[PDB]
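A structural model of the following input is requested.
(6 chains)
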Protein chains: 6
Amino acid sequence: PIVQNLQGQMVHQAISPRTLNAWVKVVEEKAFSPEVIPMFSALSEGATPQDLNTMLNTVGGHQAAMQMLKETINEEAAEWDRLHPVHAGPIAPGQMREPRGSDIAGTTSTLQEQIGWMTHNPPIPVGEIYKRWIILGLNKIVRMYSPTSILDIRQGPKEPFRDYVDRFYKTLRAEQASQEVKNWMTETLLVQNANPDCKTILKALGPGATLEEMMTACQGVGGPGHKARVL
Amino acid sequence: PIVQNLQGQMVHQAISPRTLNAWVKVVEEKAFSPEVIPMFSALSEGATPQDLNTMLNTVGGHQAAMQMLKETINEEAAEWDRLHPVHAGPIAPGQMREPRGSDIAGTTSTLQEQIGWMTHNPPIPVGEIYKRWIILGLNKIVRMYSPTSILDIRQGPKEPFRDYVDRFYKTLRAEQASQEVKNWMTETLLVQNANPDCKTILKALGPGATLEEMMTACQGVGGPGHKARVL
Amino acid sequence: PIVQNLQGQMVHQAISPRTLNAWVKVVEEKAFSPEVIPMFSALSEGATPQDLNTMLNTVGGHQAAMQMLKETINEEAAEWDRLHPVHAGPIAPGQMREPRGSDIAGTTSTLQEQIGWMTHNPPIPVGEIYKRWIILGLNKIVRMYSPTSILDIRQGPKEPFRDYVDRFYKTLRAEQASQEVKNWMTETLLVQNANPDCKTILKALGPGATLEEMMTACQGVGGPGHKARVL
Amino acid sequence: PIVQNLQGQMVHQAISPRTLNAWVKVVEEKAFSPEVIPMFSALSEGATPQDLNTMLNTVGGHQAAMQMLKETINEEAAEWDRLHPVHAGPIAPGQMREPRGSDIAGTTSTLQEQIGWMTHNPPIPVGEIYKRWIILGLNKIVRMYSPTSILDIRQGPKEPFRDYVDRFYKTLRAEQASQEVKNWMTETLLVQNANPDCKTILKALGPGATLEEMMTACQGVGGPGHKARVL
Amino acid sequence: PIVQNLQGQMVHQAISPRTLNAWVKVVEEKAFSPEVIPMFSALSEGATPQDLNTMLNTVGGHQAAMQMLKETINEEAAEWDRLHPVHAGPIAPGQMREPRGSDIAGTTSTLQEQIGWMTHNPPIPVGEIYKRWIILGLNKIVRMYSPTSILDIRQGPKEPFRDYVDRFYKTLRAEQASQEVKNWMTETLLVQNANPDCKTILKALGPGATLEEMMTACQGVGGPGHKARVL
Amino acid sequence: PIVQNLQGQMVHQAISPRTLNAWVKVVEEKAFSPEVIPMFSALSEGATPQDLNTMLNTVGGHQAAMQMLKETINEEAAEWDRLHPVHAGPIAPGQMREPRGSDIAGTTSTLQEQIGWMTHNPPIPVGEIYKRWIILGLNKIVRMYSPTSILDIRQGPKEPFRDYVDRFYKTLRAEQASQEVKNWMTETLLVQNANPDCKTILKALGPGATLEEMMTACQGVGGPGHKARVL
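Numbers count the residues shown, from 1 in each chain, chains lettered A, B, ... in the order given. The protein structure is shown below:
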């Protein structure tokens, strides 16, 4: 991708072999996890569509997910092109006739063509646009991996608090829906998806407070609660 | 590879030792996989034929595939020599020589002259055509590797949807077919080779469905397709 | 991150992939160990909010632990809005407008604007205050140590003195108590939970002796307070 | 070795420890293998004689092979100082002294003087000459490697076609003979060493059929072959 | 740590992650080895107190030894405040403010003043003395660690000279006492704790032998089954 | 050590910590191997005495041998102080004072003064001399290690030529003598130390023809003994 700023005009150099092997190893290890989504954003330095396309094409065993990602990139590009078409038709010389929705994608554009519009005129955010579509596609494809929905969490009699809290927050990481609505729901959910003993501990603590105080109380007990009568 | 722009005129630099170690290791771990074909394109940076030639020479286990690759390069070089512009016998003074089919290869050319025809007069696509000829050879190698075929992927009685479509996508890489063909065959084949239970779910959805719509529906249905007409 | 000043005005460099890979591997093997708290402080180079948040966002299974830390940051941001200077809405011309509690976090602040107020006019310590709140969140991570209490330690009869010293130091990493209390407690508690066989030596050495003097004497007693062979 | 053109006049650079350890590992794991011959030329960032002499001296176990190679270099040096343009003793003061055959090597030449004949006046290609002599010694070493004969690569009754091909390519890289002669022999060898059932399909395809054509026929038949024809 | 002079006046750079990961690895591999002490001196380049404290604070297993080292830093700082470069009453403003024993420490010095007095005024060895105090603490740790102390090392009935001398030099690395006494005891101790079979050979060489002379003489004795040949 | 050329005049940097760790790991995995001796020259990125001395000081393993090497250097420095240019003692004001024989070594030398005599006027070759002395000491360590000398090793009765020749060449590396003596000896040695089985083919080869001719003939023999060959 296009790198460096300090020594003058930015230079195009491919991603490091260590970085490429690290990317391949990360998806070999963590394949469908949503924890890989910010990792992809971290390696998107210089955001260059052809290099990003090449990074996308160099994936290992879980390649079916990347074929699904291609459908989203095509759909999103078509949406963007139809949303913005005002510049279409005749435009004066000295300009490079500006990228269309399909020109954003490295698969349908040439390398010299891409670099020019990111630095010879007021920079087009093509890498940023392509990156958000890929991040959006990554958010969409992790839905297929999902083994449990928010109200599908069922807790047995001998399950420990540590497993219950970890299961819920991992399940909640695949939501994407409104944060305010999620907090509001979460407060009711913890008591409802609990087992009798855990439910007794949550009921004992009563309404109010924050996660830290509830965690501090749960920490004092640990494991699968206590067994003696509450009335 | 020949590289440098910002600092001034390009210079032929040495190949990274990490890149050669990575190429040899990638061959040791996964040589026959179609995921390695984009990796070769990615690491073909600065395209010097002599440097590119080292990759074919350094290959271990799959030497027979590399031998076919050398034969393929000669046949494409023969097409370049005889069907593409042959060019005149007389050569003007000062000219850097427009390469013949034998001049492309590092074993029948010398490095300073090889650099010369890519850097003195306007660019000649010697690196790009050599990359393409190697890629054409790589595209044929997966045909000879394939242990199964696209219509030999049949969903068994209790086989889940993800494994079945993973198998279909993995063997699809081996056919080397056009985007038009992939687009028009994908719609019918998944339903056709499906088991009765899975086919019943897919059949119900019918005409007018996109791949994402079908995949989204499959996530809600789950497993090998749940049995018909008993609910 | 933000680097350079004397050798050229500051460049907005991204976090190293090598440090992210180390962070991913350290959390995987060392979990919530006290040793990672100075490592995180060191790795938070330049402390830019959006960039620093990427380390928190790239955490795997431990999403619930991250949620408590994220809640602590929101709690501290709310504390800043309420108990630290309010800041008037009307601001003089040619200003960038000083951060409110929400502005300090990368969620609602714009990266370009955030960089602008951090250094283009006399430095606002936004990264340093944000980093201190994250360290405060890491000071609450010690409450995830199941049944760990220094008052609950007991040295068994066949347990070596070195193992007991190691246990005492390991649980002493979870302190969260004032130095005066620690100084008083250490003298009496260490003798109290020590095994009788080596407790006799601690009693023999008696008051006044320092940690160095106790350790020097305790190397010579061997195993649980007496054992055969020195080789 | 000596490198640098764009930023001035060549400066001496020390060999990389990562590369040196990689050379040691390749020497340990691929010790006498024919695939090391392109690697040595590929990973040598300028064939400076003294630096190349260090590479020969850093061998572990198979010192005997390196001493045979060193003697081969001494023979080549002597032929160069006899059969090639020999430099006569009388000279007019002001030359940097045209090297003698043994001076091509780092053992009778001083490093400052050696770099001097590579930079002071028109360069003498001493590094390339030394590298070619090393390649001649490596050609001797691959004949010492050989623990079988191309005529002794017989495919057994239960041995697969790919194992026969694997063994055949392993011994082929050590065969050192003219390609035109080898290609005529290759037709004979194919039916000479193939097992009855495999030999049956090879005979059916017949001469004038490329390696790809034979692979296509053999791939369909599969394994060590089977009775009659595989349908 | 601090670096740079020719390109511009000193800049305080971040600690290397390779150094920190290496420090964790070395501690895991060989926590108490006396080869760690010069390695720590090599890794401590630039000698910045906060960066030096980062190494102390990241130790896992033998953190108890590091806590004794923390006491040692305070103990030497107390001596330094008392007897070395003492500061009296309030001094005239516009100065570094004549460092006290506490000021040397990372916990009592801010980044601005610690690097400030080093880059504005002529360089002061505050980092160098802090490093020397840490080394003094490391020297205490090896002295405490010692399993066998000086006279303990001896040669058994069947023990080779090779193992006996190896144990003596291992013991001498953790010795931490006067060099003059060490030079003197080296002359007699080796003979005294030797087995009669080897002891007579050592005495037969005559008083006054060097380590080289003793090693050369011991080559004739060597390994297992050392039957004397002195007459 | 002092390094840097293109970015301006020499700067005193430090050896990379990955390389310093690798040096320790080489000592751990290859304690007495002769391969290490040229590696020291290769890794020497600036020959500054203190940095080189630090590498010697980071040795754990074979410390008894290392102390003999260090004392050898100290004694060779003393030899320089009497046989080589000792100098009168006095020196002119406004000069870098010129190093005395002992002070070539790190023990009585300080870094600013040491750098000054390698900067101000044509460098005093203290690094080359110190490096040369270390190589002289390294040669002693392999010589001290030696299990058997050249005339103490013969080919065993069931031993093959390859194993004996490997033992001979490996052994010869540490037997410290002139190149001519080794050459002159080698011609006689093979004939006299051959076993009864292998002597038959070696005597058949006879005088005139060199080792390459003998080794080429012996490749086809079949290992040890002369069993009646089948295939």
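
the residue nearest to residue A:50 when sequence neighbours are not counted: neighbouring residues, count only.
Of all residues not flanking residue A:50 in the chain, residue A:106 sits nearest, at 3.8 Å (CB to CB, 6 or more residues apart in numbering or on different chains). (C-beta placed from N, C-alpha, C; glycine too.) Neighbour count for residue A:106, taken as other CB atoms under 10 Å in any protein chain shown: 23.

residue A:102 now?
Residue A:102: 14 surrounding residues under other CB under 10 Å.

quick one: the residue lying closest to it once chain neighbours are set aside from residue C:171, how far?
Spatial nearest neighbour of residue A:102, excluding adjacent residues (CB to CB, 6+ apart): residue A:108 at 4.7 Å. Residue A:108 is 61 Å from residue C:171, where distance means CB to CB, to the nearest Å.

again, but for residue A:181
41 Å.

for these two, indicate the residue with more neighbours.
More neighbours surround residue C:171 than the other of residue A:181 and residue C:171, with 16 against 10 (other CB under 10 Å).

tell me who's in contact with the spatially closest residue to the more buried one that is not a sequence neighbour.
Counting by CB to CB, 6+ apart, residue C:171 lies nearest to residue C:150, which is 4.7 Å off, once chain neighbours are set aside. Applying CB atoms under 8 Å, 6 or more residues apart in numbering or on different chains to residue C:150 gives the contacts C:168, C:171-172, C:174, C:189.

and residue A:28, what helix or strand is that in?
Following DSSP states H and E, one finds residue A:28 within helix A:17-30.

same thing with residue A:50?
helix A:49-57.

list the helices and strands that helix packs on?
Secondary-structure packing of helix A:49-57 (3 or more CB pairs under 8 Å, 6 or more residues apart in numbering or on different chains; DSSP states H and E): helix A:63-83, helix A:111-117, helix A:126-145, helix B:36-42.

please point out which parts of the third one sit buried.
Residues of helix A:126-145 classed as buried: A:126-127, A:129-131, A:133-134, A:136-138, A:140-142, A:144 (neighbour count, 16 or more other CB atoms under 10 Å in any protein chain shown).

if we can go back for a sec, got the contact list for the helix holding residue A:28?
A:15, A:36, A:39, A:43, A:55, A:58-62, B:16, B:18-19, B:22, B:39, B:42-43, C:17-18, C:21, C:60.

taking helix A:63-83 as reference, get the angle to it.
110 degrees (axes from the mean of the first three to the mean of the last three CA atoms, to 10 degrees).

tell me the buried residues in helix A:17-30?
Under 16+ other CB under 10 Å, the buried positions of helix A:17-30 are A:17, A:19-20, A:22-24, A:26-27.

for these, give me a markdown table that also has distance to residue B:216.
Listed next are the buried residues of helix A:17-30 as a markdown table, based on distance: CB to CB, whole Å:
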| residue | distance to residue B:216 |
| --- | --- |
| A:17 | 37 |
| A:19 | 33 |
| A:20 | 32 |
| A:22 | 32 |
| A:23 | 28 |
| A:24 | 28 |
| A:26 | 26 |
| A:27 | 23 |
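
tell me how chain A divides into domains.
Residue ranges for the domains of chain A, per CATH domains of a matching chain: A:1-147, A:148-221.

which of those domains is buried the deepest?
domain A:1-147 (a mean of 16; mean count of other CB atoms under 10 Å in any protein chain shown).

check the gap between the residue of chain A found nearest chain F and chain E for me.
Evaluated by CB to the nearest CB, chain A has residue A:7 as its residue closest to chain F, separated by 12.4 Å. According to CB to the nearest CB, to the nearest Å, residue A:7 and chain E sit 14 Å apart.

wait, is that residue part of a strand?
No. Assigned with DSSP: H, G, I helix; E, B strand; the rest coil, residue A:7 falls outside any strand and is coil.

quick one: the spatially closest residue to it that is not a sequence neighbour from residue A:9, how far?
In this structure, residue A:7 finds its nearest non-sequential neighbour in residue B:6, 6.6 Å apart by CB to CB, 6+ apart. Distance, residue B:6 to residue A:9, using CB to CB: 6 Å.

looking at the domains of chain A, which is closest to residue B:163?
Taking CB to CB, domain A:1-147 is the member of the domains of chain A nearest to residue B:163, at 10.2 Å.

tell me who's in contact with the spatially most central residue of chain A.
For chain A, the residue nearest the mean C-alpha position is residue A:37 (3.8 Å; CA atoms, centre = their mean). By CB under 8 Å, 6+ apart, the contact set of residue A:37 is A:135, A:138-139, A:142.
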